[PDB]
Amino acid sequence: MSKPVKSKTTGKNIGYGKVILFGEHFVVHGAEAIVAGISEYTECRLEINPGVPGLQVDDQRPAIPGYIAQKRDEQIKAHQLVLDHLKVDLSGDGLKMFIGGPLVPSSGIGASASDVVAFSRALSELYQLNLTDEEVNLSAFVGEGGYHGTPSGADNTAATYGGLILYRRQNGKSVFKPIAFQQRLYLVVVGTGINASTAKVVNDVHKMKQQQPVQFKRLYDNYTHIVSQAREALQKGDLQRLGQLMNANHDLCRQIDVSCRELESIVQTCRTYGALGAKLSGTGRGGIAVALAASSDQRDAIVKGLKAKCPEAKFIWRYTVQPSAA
């Protein structure tokens, strides 16, 4: 059982946000996915709470209205899973937790993973556990079990490592590797305000494949071609090509029936206002859409356009993926 070495964290213990750039839904069936850990993050600060047992959560994340209250019971389970995993006993002296960072918690942004990653790093500091990224990622994965469900590993992996990540089901579980990229990704991420059930939509897609094996196989193959090109576009640093491929990916997502009217409105407006590419991101049928801008100034025009002309764009965020290398 781990005992606290520090009385208060002084580090910057964070978990990155996440957007799926390519391959939501198709990844379930063996295709390669591109997941982006964004710069924007959740921070966890910890300090000892002498004589006061348990974990006191001071959650001040800039979450969308109602989100924190909705997710609190899951968060309780999640934090306790991390605490148990790391063998931390708070039955005597507990902990005060402060949760901050600029990441806006909302469905589709991997905010729950960001939370448990930040918490795992903060615990590692306070208890001087010297956790590797691998160990942080596992702690987060375990904790993610407290939210529903089930975690693929993509959210926690993006939250602990950051940057661009190749995600595939291989031999025969989730396999992750970093993607090297030399350019900044200027993203507009848009929340619909609608929460969809990952499990239901995935199972609906499973049923579509069952009902139309030949048609689904074609869409699946069409996807593998897009992500193959997406990888090359990334290696080249051709953002215009990447954007075009994002659009093509969205088209395939509509064909497996994971879009909706609100998402269509957002992507249409994004493209109208000069986005290189725009698509739903993640589960679909609600959640977030993601648009790629060529620059920061061109991102301004898209945000302007969405605010003015797209009422379905309930929440609008400027997110960035920092380059991995010089």
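Residue numbers run from 1 along the displayed sequence.
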Mean Cα B-factor comparison, 272 to 280 or 48 to 56, giving the higher one as deposited: 48 to 56
Selected stretch [higher average CA B-factor]: 77 to 85 or 109 to 117: 77 to 85
Residue of maximum C-alpha B factor among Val202, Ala159, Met246, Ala180, per deposited coordinates: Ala180
Out of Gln298, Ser39, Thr42, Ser259, residue topping the C-alpha B-factor column of the entry: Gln298
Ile14 by Cα B-factor - lowest, middle or highest third of the modelled chain: lowest
Where the record places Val175 (Cα B-factor, split into thirds across the chain): highest
B-factor third for the C-alpha atom of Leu126 within its chain: lowest
Modelled-residue ranking by C-alpha temperature factor, third containing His250: lowest
Third of the chain's Cα B-factor distribution that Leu292 belongs to, per the entry: middle
